[PDB]
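J.: I am attaching a structure below and will ask some questions about it afterwards.
All of this is worked out from the model, or read from it or from the source named; nothing here is a laboratory result. Note: ideal-geometry Cβ built from the backbone for every residue, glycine included; neighbour counts use all protein chains shown.
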Amino acid sequence: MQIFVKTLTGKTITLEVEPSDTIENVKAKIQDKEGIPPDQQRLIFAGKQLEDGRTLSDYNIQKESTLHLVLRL
Amino acid sequence: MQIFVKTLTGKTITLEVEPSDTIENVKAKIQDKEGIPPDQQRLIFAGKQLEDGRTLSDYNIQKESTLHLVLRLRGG
Amino acid sequence: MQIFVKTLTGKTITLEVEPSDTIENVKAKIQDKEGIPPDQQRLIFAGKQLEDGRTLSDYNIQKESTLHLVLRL
Amino acid sequence: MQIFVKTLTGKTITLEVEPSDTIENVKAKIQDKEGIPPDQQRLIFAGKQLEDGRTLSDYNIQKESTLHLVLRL
Amino acid sequence: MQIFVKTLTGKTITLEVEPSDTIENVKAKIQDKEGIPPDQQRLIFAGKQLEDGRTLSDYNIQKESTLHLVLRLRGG
Amino acid sequence: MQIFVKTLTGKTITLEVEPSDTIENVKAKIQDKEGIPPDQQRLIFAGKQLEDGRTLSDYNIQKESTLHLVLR
Amino acid sequence: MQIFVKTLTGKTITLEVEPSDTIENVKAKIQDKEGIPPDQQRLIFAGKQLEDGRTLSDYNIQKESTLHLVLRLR
Amino acid sequence: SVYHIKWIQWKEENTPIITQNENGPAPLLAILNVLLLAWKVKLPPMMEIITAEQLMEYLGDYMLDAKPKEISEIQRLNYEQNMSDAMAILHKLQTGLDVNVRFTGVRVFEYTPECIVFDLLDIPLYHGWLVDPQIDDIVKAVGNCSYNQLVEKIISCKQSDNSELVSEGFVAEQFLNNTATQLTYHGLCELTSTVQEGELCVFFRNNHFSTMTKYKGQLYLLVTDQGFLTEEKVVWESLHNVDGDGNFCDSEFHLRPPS
Amino acid sequence: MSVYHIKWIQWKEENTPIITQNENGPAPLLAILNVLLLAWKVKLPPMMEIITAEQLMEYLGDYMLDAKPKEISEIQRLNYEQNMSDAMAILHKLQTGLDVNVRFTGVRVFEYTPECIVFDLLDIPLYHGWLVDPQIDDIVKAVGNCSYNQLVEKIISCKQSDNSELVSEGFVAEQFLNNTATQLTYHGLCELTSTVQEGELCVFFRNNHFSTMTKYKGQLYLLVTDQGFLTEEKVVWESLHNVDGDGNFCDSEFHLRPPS
Ligand SMILES: [K+]
Ligand SMILES: [K+]
Ligand SMILES: [K+]
Ligand SMILES: [K+]
């Protein structure tokens, strides 16, 4: 499954994920792509922040959904 | 229906509910017996965390089923 | 299990308790040895007050833990 | 079974012991009569120092034997 | 005769001794096979520590018996 | 298991070792990764020199331990 | 009487003396063999420091007994 | 809610600390006592009590007055979003703050919105709930799991058919029971060496937030309970064991004699 | 017999010598004397670059006699003389290795053996950090108040028992000795940091080695005494803050050494 994460800068990253993937693995995939470490990441979907231990399917994040990435600095 | 809620300390709580109560309402019944704030409550069943908007039937929770109550670490 | 409570005057009291004991019960066990009524007792562990309605297990009080005893106002 | 413990000055005390008693135990029995902590005691028999974990029988200490106690400061 | 010495290093050593061998000579034979100095060695048999002045007969150590070799803590 | 070897320059070399390895086998693993020959390596742990002929087990070297490396 | 003077490093020397000798004469006889200045010499017996003006008989030093030698280095 | 103020002689200056009664407002008092002891927030010296609304008005005023004026466009937008999310959560500081620790480091928490309040004030957040690395059984069972993940792993492992996972859950459960005060001796070590001298920071332990500091290499916790309000010489408690048997010290970190 | 190189460092603004180690063995003698040298109670000629074991042994024994205590009753004097003789008799073992028997309940808790007398007569505290974690009641019960010498005997006895409780007590006590093989635990580090006084010079037993220990600004440091660092003027003290042996090297004024 393909989902997008969008930063406040506007840069959009495409990720190939599974529904059973946890948010921790999603943050690890952004770690491998954009270089941002996971504990300096905030992902938002539908206005709520996503917990590391939950999965995309726990938030009903399905095909072609757009996540919002807020950075920590 | 009657379901059981097990804590990490080993205690088992009996709750009288229905298949149609929301998870938020089940947490309110736990608060009435244990005083635990619902926002601090995390219920686990079949390896899934029960979300407050859904109902017990959404998670296929049966009669005499056992839910696991773990708490968020709340600093006070 | 046994726990200790320490006053500001330096006195150390040894109590026999159970994790399921409420703080009101441990204050009653203090009264049995010192005579201070639970209405005058304030119990502190690790800087946090032990509220009379909760239990020892609620505060994770381990065996041989030292609690601090002060009079309230 | 009774053995004697003599100080360097010459003071002799009697202890009720068993051939299976460790010398830690007889050091504690000396503490009961004479008040020295066991870790401030040094017991000598047949010209050699006795080890805390051994028993009286390991060193062949028989009845009416005399141990020598040396203090530390 | 032949006896076994079990170490805490996970190995069992075979020794050629005689009943008249002093405990020190047994430790010297351990020094020749494992390099441990004799005064650092502590030999355990029957839950008893074999003292240096005695011989193997005094502890009734017969053939194919197993001693346990534990070391003192030597700082260096 | 893996252990770390830190030099006076701040460089840290990660080594894959076993408790049964001798100190010479550790100095040769340093030579396979670093340019220093075993004849020029001196290895220290907790202030004590790790002498040639001994094993890592003789010095109780645990996993994720840091050894110090300096000229012979 | 036969006395033995041993240092901590392990050098033990046998000396011939009498019980009526004083400790000054004892370290003077040790200087006669090893060549050690006597005021750089400290003599121990039974864990007790030996005074210059006392005798071997005052400390009850017996035959075939060992005295310990400590050198007063700079 | 009203809080009593305790005036202490802190670094030879009349300094106030906020003092707690009922359980709940420790997050708000831990943050503000860091700011008060740091003289970043100053209270009129006549005040004896203060309400929560004033406390957070002082807090919100400081966060806006501490905005980094020289920041890139990427920093401004992210600060902007983090600020907004932090205020929507700010009310929780007065009732209790949810944390999710990991057991691999004193600074390691899940980056939840409850952590933003500390980042925006440059206030470090610490815990001492660390695994003992010498026990490889616990290191494997606990792993890089957060607390929230670990309890779920214990739930799932107890019903597994894999014998290894069943044992992993048992060890993880034992670890959570043995270390229930949320402080271990490995954690106490790492804290003592990670916290800098004189650093004012927040310490999470046993579902509580404390204002922590280090003085001459020893860690101390500000005494914030109303029981010690009139005790001039009970200002800091030393943190040198897990039993809670700390030493009470005056505002100059000198041991309070029994009285 | 054996020679040791001397390192001259700036200790409390004064040129002070410390003894350096090459081969394994002499750590007990060097840890004791490096305490005396850092305390300026034993002083060497300012030029000496290298010293043999004999002068170190004589310098030490010379100080033991000059450190005779006053205000001692005849009971204390008799017990002192017996202790002084036995300590001198075993003094040679300082350069080959000293036998220690710890108990795992306190940083100052050893068996009072004659090799402890040397530290008593010099008032040099002896420490270890081999402590049981009190939050694990399994190990606290299994190890109890056993010394090391007793615990290995308990493990051997328990490993062949038919009592299910005893076999588990031995298995746990065996697990403890293997997990904590470097003879330092994090509970020991915490008790050491809070027990050692600021500025105190003492001796530290760890991983079959003796180190000179002190505390500065609340941090424990170990005196660097290996000859690999003999020419490193900036490597004098090593911080003790973990069981990994990954300490921070510091100069003679406890300032961090820059990587070069
Ligand atoms: K005697
Ligand atoms: K001010
Ligand atoms: K002023
Ligand atoms: K035993």
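J.: If we keep just the residues of the range H:1-21 that are away from chain B (no Cβ under 14 Å) and either within 16 Å of ligand 1 (Cβ to nearest atom) or part of a loop (DSSP other than H, G, I, E, B) (or both), which is farthest from H:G198 (Cα to Cα)?
T.: Among those that are away from chain B (no Cβ under 14 Å) and either within 16 Å of ligand 1 (Cβ to nearest atom) or part of a loop (DSSP other than H, G, I, E, B) (or both), it is H:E12.
J.: For residues that are surrounded by 15 or more Cβ atoms within 10 Å (Cβ to Cβ) and touching a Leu at 6+ places or on another chain (Cβ under 9 Å), tally how many sit in the range I:72-92.
T.: Residues in the range I:72-92 being surrounded by 15 or more Cβ atoms within 10 Å (Cβ to Cβ) and touching a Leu at 6+ places or on another chain (Cβ under 9 Å): 11 in total.
J.: Within the range H:22-36, how many residues are over 19 Å from C:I44 (Cβ atoms), within 14 Å of another protein chain (Cβ to nearest Cβ) and without any contact (Cβ under 8 Å) to a residue 40 or more places away in the chain?
T.: 0
J.: Go through the residues of the range H:189-202 one by one and say whether even a single one is touching a helix residue (DSSP H, G or I) at 6+ places or on another chain (Cβ under 6 Å) and farther than 30 Å from H:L64 by Cβ.
T.: Yes: one or more hits.
J.: Got a number for residues in the range I:209-226 being surrounded by fewer than 23 Cβ atoms within 10 Å (Cβ to Cβ), away from chain H (no Cβ under 14 Å) and touching an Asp or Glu at 6+ places or on another chain (Cβ under 9 Å)?
T.: Result for the range I:209-226: 1.
J.: Does B:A46 satisfy the criteria of being among the hydrophobic types (A, V, I, L, M, F, W, C), over 22 Å from H:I154 (Cα atoms) and exposed (fewer than 15 other Cβ atoms within 10 Å of the Cβ)?
T.: Considered against the rule, which asks whether it is among the hydrophobic types (A, V, I, L, M, F, W, C), over 22 Å from H:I154 (Cα atoms) and exposed (fewer than 15 other Cβ atoms within 10 Å of the Cβ), B:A46 comes out as no.
J.: So E:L43 passes all but one of these: (1) of a type in the set (A, V, I, L, M); (2) part of a loop (DSSP other than H, G, I, E, B); (3) within 16 Å of ligand 4 (Cβ to nearest atom). Which condition number does it fail?
T.: Every listed condition holds for E:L43 apart from (2).
J.: Let me ask something else. If you go through the range H:103-120, how many residues are in contact with a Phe, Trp or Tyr (Cβ under 7 Å, 6 or more places away or on another chain) and buried (at least 18 other Cβ atoms within 10 Å of the Cβ)?
T.: 3
J.: Select from the range I:108-120 the residues that are at the interface with another protein chain (Cβ under 9 Å from one of its Cβ atoms) and among the hydrophobic types (A, V, I, L, M, F, W, C) and write down the one among them that is farthest from D:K48 (Cα to Cα).
T.: Only one residue tops the list, namely I:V109.
J.: Now for a separate question. Mind listing whichever residues of the range D:27-37 are farther than 22 Å from E:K48 by Cα and either among the basic types (K, R) or within 16 Å of ligand 4 (Cβ to nearest atom) (or both)? So that I can check it myself, show each step before the final result.
T.: The initial filter retains those residues of the range D:27-37 that are farther than 22 Å from E:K48 by Cα, namely D:29-37.
Passing the criteria: D:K29, D:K33.
J.: Right, another one. When the residues of the range D:41-58 are narrowed to those that are surrounded by 14 or more Cβ atoms within 10 Å (Cβ to Cβ) and away from ligand 4 (no atom under 16 Å from the Cβ), which ends up farthest from I:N101 (Cα to Cα)?
T.: D:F45
J.: Applying the selection to the range I:37-55, what residues are within 14 Å of chain G (Cβ to nearest Cβ), in a loop (DSSP other than H, G, I, E, B) and among the hydrophobic types (A, V, I, L, M, F, W, C)?
T.: Selection gives I:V42, I:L44, I:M47, I:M48.
J.: Applying the selection to the range H:240-259, what residues are closer than 30 Å to H:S1 by Cα, part of a loop (DSSP other than H, G, I, E, B) and facing another protein chain (nearest Cβ under 9 Å)?
T.: Matches in the range H:240-259: H:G244, H:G246.
J.: Now, a different point. Using the structure shown, decide if H:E110 is within 16 Å of ligand 2 (Cβ to nearest atom) and assigned by TED's automatic domain parsing to the domain that holds H:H186. Reasoning before the result, please.
T.: Numbers: within 16 Å of ligand 2 (Cβ to nearest atom): no; assigned by TED's automatic domain parsing to the domain that holds H:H186: yes.
For H:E110, the condition - within 16 Å of ligand 2 (Cβ to nearest atom) and assigned by TED's automatic domain parsing to the domain that holds H:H186 - is not met.
J.: Among the residues of the range D:43-68, write down those that are under 19 Å from I:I90 (Cα atoms), within 16 Å of ligand 1 (Cβ to nearest atom) and not polar (S, T, N, Q).
T.: D:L43, D:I44, D:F45, D:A46, D:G47, D:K48, D:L50
J.: For D:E18, are the conditions met, namely being surrounded by fewer than 16 Cβ atoms within 10 Å (Cβ to Cβ) and away from chain I (no Cβ under 14 Å)?
T.: Against the criterion (surrounded by fewer than 16 Cβ atoms within 10 Å (Cβ to Cβ) and away from chain I (no Cβ under 14 Å)), D:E18 qualifies.
J.: Still on this model: Pairs under 7 Å by beta carbon, first residue more than 9 Å from chain G (Cβ to nearest Cβ) in the range I:56-67, partner of a type in the set (D, E, K, R) and not in a helix (DSSP H, G or I), six or more apart or different chains?
T.: Every condition considered, the pairs that remain are I:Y63/I:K41.
J.: How many residues, within the range H:235-259, are in contact with a helix residue (DSSP H, G or I) (Cβ under 9 Å, 6 or more places away or on another chain) and not hydrophobic (A, V, I, L, M, F, W, C)?
T.: Of the residues in that region, 3 qualify.
J.: Still on this structure: Starting from residues that are buried (at least 22 other Cβ atoms within 10 Å of the Cβ) and more than 10 Å from every other protein chain (Cβ to nearest Cβ), keep the ones in the range H:139-159 and report whichever is farthest from the chain's Cα centre (by Cα).
T.: Looking at the filtered set, the residue picked out is H:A141.
J.: Here's a follow-up. Residues in the range H:225-240: is at least one in contact (Cβ under 8 Å) with a residue 24 or more places away in the chain, among the β-branched types (V, I, T) and under 23 Å from H:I123 (Cβ atoms)?
T.: Checked against the condition, which is being in contact (Cβ under 8 Å) with a residue 24 or more places away in the chain, among the β-branched types (V, I, T) and under 23 Å from H:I123 (Cβ atoms), the range H:225-240 yields at least one hit.
J.: Hey, could you check the range E:1-30 for residues that are free of Cβ contacts under 8 Å to residues at least 40 places away in the same chain and within 14 Å of chain I (Cβ to nearest Cβ) and say which is surrounded by the fewest Cβ atoms within 10 Å (Cβ to Cβ)?
T.: The extreme case among them is E:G10.
J.: Checking I:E71 against (1) of a type outside the set (S, T, N, Q); (2) in a loop (DSSP other than H, G, I, E, B); (3) in contact with a helix residue (DSSP H, G or I) (Cβ under 6 Å, 6 or more places away or on another chain), which test does it fail?
T.: (3)
J.: Give the number of residues within the range I:160-192 that are within 24 Å of F:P19 (Cβ to Cβ) and among the polar types (S, T, N, Q).
T.: The qualifying residues number 7.
J.: From the residues in the range A:59-73 that are surrounded by fewer than 16 Cβ atoms within 10 Å (Cβ to Cβ) and farther than 17 Å from H:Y79 by Cα, which one is nearest to the other protein chains (Cβ to nearest Cβ)? Reasoning before the result, please.
T.: First, the residues of the range A:59-73 that are surrounded by fewer than 16 Cβ atoms within 10 Å (Cβ to Cβ): A:60, A:62-64, A:66, A:72-73.
If we keep only those that are farther than 17 Å from H:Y79 by Cα as well, we get A:60, A:62-64, A:66.
Values: A:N60: 10, A:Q62: 16, A:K63: 21, A:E64: 23, A:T66: 16 Å.
Per the criteria, the residue is A:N60.
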